Amino acid sequence: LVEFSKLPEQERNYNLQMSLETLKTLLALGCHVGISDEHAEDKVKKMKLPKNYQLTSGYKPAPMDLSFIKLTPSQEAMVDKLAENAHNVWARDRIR
């Protein structure tokens, strides 16, 4: 719970590693990724959070309004595949 500059370098490194290799495993499983609307962020309205809930660091969170995102059964299965792949990579790292 510290600004990412003072936050541990290895901590943020494995954070962005989880995200990066996570999306890479998505595209490796067979994901088809396409651009639809970059202005969707401005179209959707951010939910209103109190000042205390806002972080003291100063960086501005952008929690998007999860109502319109719908998970198809194919997306649920691909979620399951991604979770299984994450379990496999963590288990392999521990085994080595």
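Cut-offs and rules
Residues numbered from 1 in each chain as written, not as in the entry; some residues may be left out. Part of a larger assembly, values for the part shown. Heavy atoms only, no water. Helix = DSSP H or I, 4+ residues; strand = E, 2+ residues; numbered from the N terminus. Rg over C-alpha atoms; globule rule 2.2 N^0.38 Å. Buried < 20%, exposed > 50% of the residue type's maximum accessible area, 1.4 Å probe, protein only. Areas by Shrake-Rupley, 256 points an atom, 1.4 Å probe, with all protein chains shown as cover. Patch = residues over 30% accessible without salt bridge, like charges linked within 9 Å, V, L, I, M, F, W, Y side chains within 5 Å. Salt bridge = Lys/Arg side-chain N within 4 Å of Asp/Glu carboxyl O. Axes fitted to C-alpha atoms, helices over the stretch in contact; angles between N-to-C directions. Parallel < 35°, antiparallel > 145°, perpendicular 65-115°, else oblique. Left-handed = near helix turned anticlockwise from the far one by under 90°. Contact = heavy atoms within 4.5 Å. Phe/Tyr/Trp six-rings, centres within 6.5 Å; stacked < 30°, edge-to-face > 60°.

In its metadata, the entry names cryo-EM as the structure determination method and reports 2.93 Å as the resolution.

Novice: Which residues make up the overall build of the protein, and what are the values?
Specialist: Within the protein, the regular secondary structure consists of three helices and zero strands. Each helix (α) and strand (β) of the protein, taken in turn from the N terminus, gives the series α-α-α. Over its C-alpha trace the protein gives a radius of gyration of 17 Å, far above what one expects of a compact globule, namely 12 Å for 96 residues. Seen through its principal axes, the protein has C-alpha atoms that stretch 45 × 35 × 20 Å. Expressed as a percentage of its 96 residues, the buried residues of the protein come to 4%. Carbon together with sulfur atoms contributes 62% to the accessible area of the protein, which is approximately 8,800 Å² in total.

Novice: A description of a nonpolar patch on the surface should follow, citing residues and the corresponding values.
Specialist: On the surface, a cluster of nonpolar side chains totalling about 490 Å² of accessible area is made up of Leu66, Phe68, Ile69, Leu71 and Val79. Looking at where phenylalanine 68 falls in the secondary structure, it is placed in the loop between α2 (40-43) and α3 (73-95).

Novice: How would you explain the packing of helix α1 (residues 9-29) against α3 if you had to name every residue and give the values?
Specialist: α3 packs onto α1 with a crossing angle of 125 degrees between their chain directions and a minimal axis gap of 10 Å. Judged by the angle between their axes, α1 and α3 are oblique. Between α1 and α3 the crossing geometry is right-handed. Across the interface between the two elements, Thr22, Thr25, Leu26 and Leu29 of α1 pack against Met78, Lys81, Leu82 and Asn85 of α3.

Novice: Tell me about the pattern of salt bridges, and name the residues and values.
Specialist: Applying the stated criterion across every chain, the model contains three salt bridges. Here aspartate 37 ties to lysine 43 by a salt bridge, and the two come within 3.6 Å at their closest N and O atoms. Of the residues examined, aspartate 37 reaches a relative accessible area of 37% and is grouped as partly exposed. Judged by relative accessible area, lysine 43 falls into the exposed class, the value being 53%. Residue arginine 92 is joined to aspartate 93 by a salt bridge in which the shortest nitrogen-to-oxygen separation is 3.6 Å.

Novice: Run through the packing of aromatic side chains, naming residues and quoting values.
Specialist: Counted under the stated rule, the structure contains one aromatic pair. Seen from their ring centres, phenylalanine 4 and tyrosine 59 are 6.0 Å apart, and the 80 degrees between their planes marks the pair as edge-to-face. Here the residue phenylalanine 4 occupies a position in the segment before α1, and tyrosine 59 occupies one in the loop between α2 and α3, the gap between them amounting to 55 residues. Looking at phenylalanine 4, the relative accessible area reads 46%, which means it is partly exposed. The class for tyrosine 59 is exposed, based on a relative accessible area of 60%.

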